[PDB]
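Step one of this worksheet: look at the structure below.
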Amino acid sequence: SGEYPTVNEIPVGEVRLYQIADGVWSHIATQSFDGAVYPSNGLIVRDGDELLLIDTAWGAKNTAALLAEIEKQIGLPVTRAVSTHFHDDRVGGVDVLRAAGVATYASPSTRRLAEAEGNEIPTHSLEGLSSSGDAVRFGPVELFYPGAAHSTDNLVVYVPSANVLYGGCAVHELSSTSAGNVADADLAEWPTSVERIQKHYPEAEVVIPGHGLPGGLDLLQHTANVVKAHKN
Ligand SMILES: C[C@H](OC(=O)c1ccc(CN)cc1)c1cccc2c(-c3ccc(CN4CCOCC4)nc3)c(C(=O)O)[nH]c12
Ligand SMILES: [Zn+2]
Ligand SMILES: [Zn+2]
């Protein structure tokens with residue numbers, strides 16, 4: 001009924017959308033992994049009379065449900081998708097997207113890691129993102145590579161029309177006490193990568209984490225703090 005939807009409010013398999021700004025939504029789904037249930041976010045950005053999708057809904061069936069939810073709530077076709085790193089909460093569902101007419105994209109780093117891990121592989125490579133601090137335009141967003149953080153390949157997404165920063169899994173929600181699933185992370189570089197985000201996007205008004213509730217710019221400093229303390 002209007003609050004940001006939480007893990008226990010979304011059965012696995014169902015997807016909700018949340019309006020962030022004009023022409024910007026998040027998508028929220030839930031999935032089981034190693035015997036626990038987790039929420040995860042992605043982004044939808046209006047691109048004229050089409051939509052740009054950022055990240056899958058963490059699985060094939062969830063991603064089919066995402067497409068259905070978009071059709072019901074928005075009614076514009078998803079034509080392109082970008083995955084912001086190689087884990088299943090970002091690429092699981094890419095095969096569904098591709099068979100629904102969506103062109104799927106990721107950095108070459110993400111594509112290599114997805115292939116090596118046995119995850120679904122976006123079709124198209126995003127060049128121009130291989131060095132930390134690189135940025136490229138992609139439709140109505142800017143893609144930014146901040147350096148290694150949650151993963152070595154993680155990208156962030158900025159929506160300049162709305163000053164929305166989608167941090168993906170490099171950014172944690174304010175309630176987080178932990179750095180999340182750090183198995184592929186660089187805890188030592190992560191603060192430095194967050195500082196790059198902070199420097200590059202000082203006018204962000206909304207910051208959306210990979211998992212959990214959006215907030216403001218404080219999510220960035222909180223993330224740095226949680227990661228340093230985890231390392232400690
Ligand atoms: C799909 C993703 O796979 C991986 O990352 C991965 C890594 C390595 C391998 C081995 N090849 C396999 C998979 C994944 C799977 C499962 C979970 C995650 C989490 C996550 C997010 C929040 C929290 C904090 N919660 C915990 C419970 O209650 C309170 C707060 N914990 C974890 C996060 C994330 O941090 O982004 N990515 C999660
Ligand atoms: Zn991840
Ligand atoms: Zn994640």
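Identifiers for the structure tokens are assigned positionally: chains receive A, B, ... in sequence, residues are indexed from 1 per chain, and ligands are indexed from 1 in the order shown.
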
*Distance filter 7 Å around ligand 3, atoms: only C-alpha atoms and all ligand atoms, out as a ChimeraX atom specification*: /A:40,89,169,210-211

Output C-alpha atoms for every residue in the selection just made, as a PDB file, in the first residue's frame.
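result.pdb was written with the following content:
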ATOM      1  CA  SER A  40      16.645  -7.982  -4.312  1.00  0.00           C
ATOM      2  CA  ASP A  89      20.483 -11.830  -8.733  1.00  0.00           C
ATOM      3  CA  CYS A 169      25.239  -4.637  -4.674  1.00  0.00           C
ATOM      4  CA  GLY A 210      21.133  -3.981  -4.551  1.00  0.00           C
ATOM      5  CA  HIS A 211      19.075  -5.401  -1.701  1.00  0.00           C
TER       6      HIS A 211
END

*Give the residues close to ligand 1, within 7 Å, counting only C-alpha atoms and all ligand atoms; write them as a ChimeraX atom specification.*
/A:33,38,87-89,117,150,169,176,178-184,210-211

Atoms kept (C-alpha atoms) for selection, written as a PDB file, in the first residue's frame:
ATOM      1  CA  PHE A  33      19.545 -19.253  -1.809  1.00  0.00           C
ATOM      2  CA  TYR A  38      16.379 -12.697   0.337  1.00  0.00           C
ATOM      3  CA  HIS A  87      25.756 -13.065  -9.843  1.00  0.00           C
ATOM      4  CA  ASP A  88      22.358 -14.749 -10.286  1.00  0.00           C
ATOM      5  CA  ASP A  89      20.483 -11.830  -8.733  1.00  0.00           C
ATOM      6  CA  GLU A 117      30.621 -19.552 -12.978  1.00  0.00           C
ATOM      7  CA  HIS A 150      31.022  -6.306  -3.824  1.00  0.00           C
ATOM      8  CA  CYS A 169      25.239  -4.637  -4.674  1.00  0.00           C
ATOM      9  CA  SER A 176      22.561  -3.439   7.137  1.00  0.00           C
ATOM     10  CA  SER A 178      26.862  -6.758   7.517  1.00  0.00           C
ATOM     11  CA  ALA A 179      28.528  -6.524   4.183  1.00  0.00           C
ATOM     12  CA  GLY A 180      26.195  -9.166   2.720  1.00  0.00           C
ATOM     13  CA  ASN A 181      27.487 -11.955   0.543  1.00  0.00           C
ATOM     14  CA  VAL A 182      31.185 -11.049   0.379  1.00  0.00           C
ATOM     15  CA  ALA A 183      32.488 -14.243  -1.189  1.00  0.00           C
ATOM     16  CA  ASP A 184      33.518 -12.440  -4.413  1.00  0.00           C
ATOM     17  CA  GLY A 210      21.133  -3.981  -4.551  1.00  0.00           C
ATOM     18  CA  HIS A 211      19.075  -5.401  -1.701  1.00  0.00           C
TER      19      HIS A 211
END

*Write out as a ChimeraX atom specification all residues of stretch 5-195 of chain A that backbone DSSP assigns to strand (DSSP E).*
/A:16-21,24-33,36-47,50-54,78-82,103-106,124-125,135-138,141-144,156-159,164-168

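Of the residues under consideration (A:104, A:19, A:154, A:175), A:154 shows the shortest atom-to-atom contact distance to residue A:86 when counting only C-alpha atoms.
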
_Report as a PyMOL selection string all protein, DNA and RNA residues lying within 6 Å of residue A:171, evaluated on only C-alpha atoms, omitting residues in the same chain fewer than 4 positions from it._
chain A and resi 167+209+223

*Determine the nearest neighbour of ligand 2 from the options A:25, A:58, A:158, A:145, counting only C-alpha atoms and all ligand atoms.*
A:58

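Nearest-residue note for ligand 2: choosing from A:60, A:91, A:136, A:204, the minimum distance belongs to A:91, counting only C-alpha atoms and all ligand atoms.
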
*asked:* Show me, as an MDAnalysis selection string, the residues that have an atom within 6 Å of residue A:157 when counting only C-alpha atoms, minus same-chain residues fewer than 6 positions from it.
replied: chainID A and resid 142:143 165:166

Produce a file of the selected residues containing N, CA and C atoms, as an mmCIF file, in the first residue's frame.
data_model
loop_
_atom_site.group_PDB
_atom_site.id
_atom_site.type_symbol
_atom_site.label_atom_id
_atom_site.label_comp_id
_atom_site.auth_asym_id
_atom_site.auth_seq_id
_atom_site.Cartn_x
_atom_site.Cartn_y
_atom_site.Cartn_z
ATOM 1 N N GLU A 142 23.614 6.771 -17.249
ATOM 2 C CA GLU A 142 25.051 6.673 -17.279
ATOM 3 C C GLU A 142 25.440 5.451 -16.488
ATOM 4 N N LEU A 143 26.316 4.643 -17.066
ATOM 5 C CA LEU A 143 26.923 3.489 -16.417
ATOM 6 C C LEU A 143 28.294 3.906 -15.926
ATOM 7 N N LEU A 165 20.662 7.427 -8.158
ATOM 8 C CA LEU A 165 21.856 6.600 -8.180
ATOM 9 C C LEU A 165 21.457 5.191 -7.778
ATOM 10 N N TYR A 166 21.592 4.265 -8.688
ATOM 11 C CA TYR A 166 21.377 2.839 -8.436
ATOM 12 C C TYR A 166 22.727 2.212 -8.181
#

*Choose the residue, out of A:227, A:83, A:46, A:191, that has the smallest atom-to-atom separation from ligand 2; count only C-alpha atoms and all ligand atoms.*
A:83

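Taking atom CA of residue A:221 and atom CA of residue A:132 as endpoints, the distance between them is 18.8 Å.
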
*What's the 10 Å shell around residue A:162, counting only C-alpha atoms, without same-chain residues fewer than 4 positions away, as a PyMOL selection string?*
chain A and resi 20-24+158+204-206
